[PDB]
Ligand SMILES: O=c1[nH]c(=O)c2nn[nH]c2[nH]1
Ligand SMILES: O=c1[nH]c(=O)c2nn[nH]c2[nH]1
Ligand SMILES: O=c1[nH]c(=O)c2nn[nH]c2[nH]1
Ligand SMILES: O=c1[nH]c(=O)c2nn[nH]c2[nH]1
């Protein structure tokens, strides 16, 4: 037998960093969870028990803390690029590094209408993520994403005109609830290395903001024909507004809310136009995915 | 053997309700998870296999939906009181009802600086809860709470002067990070029944708001001597501002963030006044509880 | 305002211990999660910021490891008694200790029909737990439990003859699936202190085994009239077989499996006697509780 | 913009099936969670709001239940093949179906040394999974796996001789604890269609059993030089024992158990050869992956 592929590293590395503006006394905090996996000429650790080629995963953990101490940790696209470049430049036999970063929200508190200098709240479980693949001789590939963004609209969603056959029991509707957890990923054009990533630093936060704003406004304003059609509208605008993006991917569950017929009880009317009380369903759920690119 | 205590019912009942203002076109949504347990003269279902005394748990589920269709579901203290009173008034052999309600956040979206008429976001995993115990001949006991409120301050927290003996390794500090998940419960004076609960309806949302505001402002502004001392300050103000509350209970984990000594690596300075990168600890955690009442 | 109650300590302390039989080379492992909360004359830490009365929670953590190094950690009723007695004997102003222990399964592997000397498998998520309250001048109160034991029987469960009124839609049945997660707690007679707990050490594992065996055999062999009736049978036998137990408490969800009517599709028969494919329901669920004692 | 890829369907479909041997009265149960995603000529649902090409996800759910009613559901490789073939044969514009199945354990209870006819226990959270991709004109690709298998050995694991540089603090060791959660996947040679899958039905359960046995025996008996080296030994044997497998993939966390130095307390000895009490670490964790194929 032979080794066809192999990677190894450290997962679930939690990191916090604080920035303190000595002048204003204002502090800013960052918290993330980091995963780093390495690839290279490491097959003999598997086949011959030769540990000499292994950078210990404990050392990878150390490296993450040291890099965060000596560099900016925002935007995460920059920090991930710096960290993966380190490993392939530092170790001759390591030729690829895969860095995943999850950013956790710590939003500044407003007290008495004024923003507080050093207190924060986790105002949501929504994440900002990056996946950075650094490959020797092939540059830096970055996928940026937002995940965990949970929304609901109580009207202005429709679903009619779908295929009907002998497996079909679902009724057409012109007014329904639509709720989803948004997972959206934008993939950047390949970058030749760290200098190029640094030259675009301003676009990373602005594009994350645009992606969020467009997702929110399109969900609220689209009189939706389907999940499929609404998500395509989001992806299109984002591509239109940032030319360095090559593809946009959306993955959207359809979290169903079912009507409850109460007519068995004293003729109570709770369906169609009289629907007021609904049963959220934990499972199963629709799952709809799309990758949109340039034509 | 004998039955010394017994209760039974339905848990994890998910409910959504929408309100539609025909005039303005503005819609408002409510989502909760409900648990209802009953007590009464039901021992023979356990000892004699006599199911005649059992209100089926499926029927309890139905009752929750019907009650939500016919009554307001906010504030949750009112809805829980109405639902538990129904069971003890409707069934002669049922003498107590225990109703737990978890309210989930659906916050109105602002689009282009304007509040949207029918789109919402789960802006946090924080919950608003109630526990309502309705007991025949003994009125209605309500405990209201907020839970899941996650906060952090990066400075203005201290912990020195604690007991030191041969089990002690912790060092005193005058500047540390404090992070917690707030669980706060305020217990109302007993109410004689539904009419009295209805007469106080306005105080329920205002007190929840006060409890939140006081928790947030005290956490941000207190130069904290300990978790114990800061939480006592919160409980005291709340009691001072709502006379119908009898006790306030706080339960606060201390989620530790540890310094990381990097001096082994090129003399890097990352402790004490140079501390910038920290390691969040998943476990173990301090747990500190207090119940405060009137003197 | 005044402090009416207060406790504080360390939660989520993970502990592993290994025992090595030098003679046979056989090793045995134990893993648990420990919570210790203290009560006493500690109110001024809350009201006056006096940390002098506080045993730091970090010190409590240390104490747990040291105690495990110097004493047996099985049965958990003994280890919890030893640990809580330490705190009230060691600190004059601490008058109660609350110790919760969760035991995780590490079951010896059988390889080639022979039990392996040092390899283990987590053969289930079922836990063995203890709650030990040690109170100065009032002895040691122990509640032992098993939790997470998940079972299902595909026939020989019934539910008919329950109350029917205008809230009722559930149909009577003489053959249904019954599935639950067992939570069972047996409460021991108060013990005067450590010497008495030690004199009964053999009964702790034997009673846990009995409780398990009786739970399993009664569930499998009872032609169940209801959850209520079957759980009473379990509690009764346990009380009959261990006289040092004062009460037995069971808490049992009814995890529903619903029939699926497929007759809309080519007259397919899948209900009643032809029921073969069912839909497990994640929520809601029945919840049935009973505490049984001696008459 | 253009659609570059798209798939949609139903996730988290829970299914139970019972088999009843009329002759012996013995019953056997199966429970699984199913995900089915479809691909095809469906782009206009995204770009033109044309729902005519959509098979509703509710209909997919129905199809899963009907297929389970009319066919065997074991082994899961067969059931997944049957279900994905249905969709591409039934709908002309659907050209690929992706079926994921998770099998949950329901193990027959032994009562009084005898196997019970209709009672079961979830004896572990370990899963048996399949991923089946059915593609029009390209046959059936099956990946089978076991996941959630949690093990620990308390000795006969080593880790020395790894790379040491200025990022390294980890010490070499010749005796450590090794614990992991096993994720193992074996990929079958492509099959031309259902008849070929049916001709190999006996190999599916036997290979799952072999994969399990080899994983367990190698973990227990290997005096491990590293996670990398031990997992390669497992993959090699499996390939040696089933020629229809093309690749074997392992993904193994290294769940660390750290020594605790207690010497600060009365010279207590708890490290190296005196190590008895350890601290399980929840995070971070090593992550080691390997794909092994034929040479
Ligand atoms: O938006 C929707 N898309 C779908 O594909 C679907 N199928 N069922 N309901 C649905 N709603
Ligand atoms: O606020 C705190 N309270 C405590 O009781 C404690 N113990 N350790 N650290 C602590 N911090
Ligand atoms: O065993 C049962 N007990 C109950 O109380 C019940 N209510 N609905 N179904 C039930 N089954
Ligand atoms: O088995 C191991 N493999 C590794 O790659 C490693 N790195 N640190 N510890 C380790 N143990």
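Residue numbers (the authors' numbering), protein chains in the order written: chain A, 1 to 295; chain W, 1 to 295; chain Y, 1 to 295; chain E, 1 to 295. Beta carbons: idealized from backbone N, C-alpha and C, even for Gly.
Excluding the 5 residues flanking residue i on each side, which residues of the same chain have their C-beta closer than 6 Å to its C-beta?
i, result
"residue 142/Y", "77, 132 and 188"
"residue 246/A", "187 and 189"
"residue 104/Y", "31"
"residue 7/A", "37 and 39"
"residue 271/E", "259 and 261"
"residue 98/A", "37 and 133"
"residue 96/W", "39 and 135"
Might you give, ordered along the chain, the residues of its own chain that have their beta carbon closer than 8 Å to the beta carbon of residue i, omitting 5 neighbours on each side?
i, result
"residue 19/Y", "27, 28, 29 and 30"
"residue 172/Y", "159, 160, 161 and 162"
"residue 106/A", "29, 30, 31, 120, 121 and 122"
"residue 203/A", "242 and 244"
Out of the options, which one is the CA nearest neighbour of residue i?
i, options, result
"residue 193/W", "138/W, 4/W and 185/W", "138/W"
"residue 214/W", "205/W, 176/W and 233/W", "233/W"
"residue 211/A", "8/A, 251/A and 145/A", "145/A"
"residue 250/Y", "263/Y, 288/Y, 221/Y and 257/Y", "288/Y"
"residue 313/Y", "229/Y, 228/Y, 155/Y and 227/Y", "Chain Y is shown only over 1 to 295; residue 313/Y falls outside these bounds and no answer can be derived."
"residue 267/Y", "35/E, 277/E, 70/E and 4/E", "70/E"
"residue 177/A", "195/A, 228/A and 157/A", "157/A"
If you measure between the beta carbons of residue i and residue j, is that distance less than 7 Å?
i, j, result
"residue 80/A", "residue 101/A", "yes"
"residue 68/Y", "residue 23/Y", "no"
"residue 66/A", "residue 13/A", "no"
"residue 93/A", "residue 125/A", "no"
"residue 127/E", "residue 179/E", "no"
"residue 136/W", "residue 88/W", "yes"
"residue 286/E", "residue 33/A", "no"
"residue 119/E", "residue 153/Y", "yes"
"residue 242/Y", "residue 207/Y", "yes"
"residue 279/A", "residue 49/E", "no"
"residue 248/W", "residue 292/W", "yes"
"residue 10/E", "residue 61/E", "yes"
"residue 181/A", "residue 117/A", "no"
"residue 183/E", "residue 147/E", "yes"
"residue 59/E", "residue 167/A", "yes"
"residue 140/Y", "residue 191/Y", "yes"
Taking 6 Å as the cut-off, is the CB of residue i close to at least one heavy atom of ligand 5?
i, result
"residue 153/A", "Among the ligands in the structure shown, ligand 5 does not appear; only ligand 1, ligand 2, ligand 3 and ligand 4 can be found there."
Who are the Cβ neighbours of residue i in its own chain at under 7 Å, not counting the five residues just before and after it?
i, result
"residue 205/A", "75"
"residue 45/A", "51, 53 and 54"
"residue 150/A", "181"
"residue 108/Y", "115, 116 and 120"
"residue 222/E", "230 and 233"
"residue 201/W", "75 and 78"
Q) Listed by chain order, which residues have C-beta atoms less than 7 Å from any heavy atom of ligand 1? A) Those residues, listed in chain order, are 159/A, 162/A, 170/A, 226/A, 227/A, 228/A, 254/A, 286/A, 288/A, 8/E, 54/E, 56/E, 57/E and 58/E.
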